[PDB]
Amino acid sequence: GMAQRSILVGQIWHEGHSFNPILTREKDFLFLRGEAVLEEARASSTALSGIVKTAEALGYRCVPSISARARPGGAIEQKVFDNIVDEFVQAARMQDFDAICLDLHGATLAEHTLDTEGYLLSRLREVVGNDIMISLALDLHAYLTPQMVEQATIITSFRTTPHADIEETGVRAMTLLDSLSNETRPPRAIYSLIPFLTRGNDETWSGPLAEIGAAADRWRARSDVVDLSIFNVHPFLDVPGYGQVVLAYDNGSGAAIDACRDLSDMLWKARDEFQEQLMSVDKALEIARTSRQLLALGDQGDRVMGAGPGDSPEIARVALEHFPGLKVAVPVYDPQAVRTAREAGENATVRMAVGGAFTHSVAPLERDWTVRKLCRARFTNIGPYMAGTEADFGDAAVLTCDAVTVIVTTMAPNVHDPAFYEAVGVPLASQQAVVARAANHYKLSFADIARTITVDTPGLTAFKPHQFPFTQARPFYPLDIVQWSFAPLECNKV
């Protein structure tokens, strides 16, 4: 037809954990619909922002479906996930569009649906058919499945950890889609599963991913590679077809197989390089005790950014027991503690076990807690990571005992930014160490005001596969000693 071309756009952001017993609920989501989806995209720096800004700079009209963002955590309540998909499907019916370009995480998880993105693509194709193009921007932590490869025209992921190319990945999803406009066929896809999980040393600026990322850039610079991505799968999913994935696209007779071979072999060779020795909590708290600079401690074992619950009071425990007088603040998921605190009121002292209700691996911390402040854990992230984005971890109580402050929260405490501490009235200057529930994504946000050390704590996000009852994920390395060699799936062979 003759009319301006339009692109259907939308977003889902959620990362799951098969071993977090706390379901992600409707409350945990921010939803936008209609034009508001596009207004937010233009004012932000997500992959969706990239998709929408690029589509509009290129002359396309963008048509909204919805956007749905919830912090990482347990599987989404199935009904809520079903309602999200239905809103996508309905937008796919009601609207006029010539192609679809979406910002999805790739490791969203629902209580019954294990491959959520794959499922979403199928439901959309039920309504839109197999001719129109669908392009995805994905997080590199995606659980990338054969169904996804089969149901999408093209897929591209982040290339940095910590994730600093989020928007650019969106730009590229849309640019790739636009580039395919005159093609008489979809591009050929080569999928390769390398059956191991990473256990740290997984940043892209140094370590094994720097070499592998360099090789990847050279492959993509060839005129006979359309694109390629490397997925370091989120390592807390009990799902089949599990491991690292290399995904490459060409015109049917380019280098997608060679690229995928080279990179799969490098990842395999490097499988035991993805390990680290994090500093102990005792050593880190002793640096804090002897430093003028604030310490910001990444609680590796209980990261909400790794879809953990954030109920570990462990760092508070060690501070209390081994460093009396050391001023440490820790954010802890404990909705009951909040409610107990709210009933006692500000200024009361209550004997109470805080934290540890959800992570089997750490004990609740029981003390005479004084309730210094009741307030809402609502604030704006300074960033860089998620700069400008508003957060709300629910009703909160700031609790003290000896020199330790525990801020208990009603919703998952995705603390990766200094604004949290200021918003709940625990000023950073007042502490010698504070806790971030992230390993990599808090560092830039605290770089200017703290020494950042990620510490070797226990819990549901420790890089210890042997601690989890993986069932349908197995076999994978390190748990199983498997004899892998390159064996790709090919899709849209020409």
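Numbers follow the displayed sequence, beginning with 1.
Asker: Per the entry, where is the mean C-alpha temperature factor higher: 175 to 183 or 229 to 237?
Answerer: Per the PDB entry, the higher value belongs to 175 to 183.
Asker: Take the C-alpha B-factors listed in the entry for 366 to 374 and for 117 to 125, compute each mean, and give the stretch with the larger one.
Answerer: Higher of the two, by average CA B-factor, is 366 to 374.
Asker: Hey, out of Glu150, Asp103, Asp258, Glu343, whose CA B-factor is highest in the deposited coordinates?
Answerer: Max CA B-factor in the entry, restricted to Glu150, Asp103, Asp258, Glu343: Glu343.
Asker: Which one of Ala47, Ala462, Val455, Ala43 shows the biggest C-alpha B-factor in the PDB entry?
Answerer: Out of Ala47, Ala462, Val455, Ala43, the record gives the largest C-alpha B-factor to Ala43.
Asker: Report the third (lowest, middle or highest) to which the CA temperature factor of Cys491 belongs, ranking only the modelled residues of the same chain.
Answerer: As the PDB entry reports it, the C-alpha B-factor of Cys491 lands in the highest third of its chain.
Asker: Considering only modelled residues of the same chain, in which third does the CA B-factor of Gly254 rank: lowest, middle or highest?
Answerer: Highest third.
Asker: Ranked by Cα temperature factor within the chain, is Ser485 in the lowest third, the middle third or the highest third?
Answerer: Middle third, going by the recorded CA B-factors of the chain.
Asker: Please place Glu77 in the lowest, middle or highest third of its chain according to the CA B-factor in the PDB entry.
Answerer: CA B-factor rank for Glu77: middle third.
Asker: Using the temperature factors of the C-alpha atoms in this entry, rank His416 within its chain: lowest, middle or highest third.
Answerer: Answer is lowest: the recorded C-alpha B-factor places it there.
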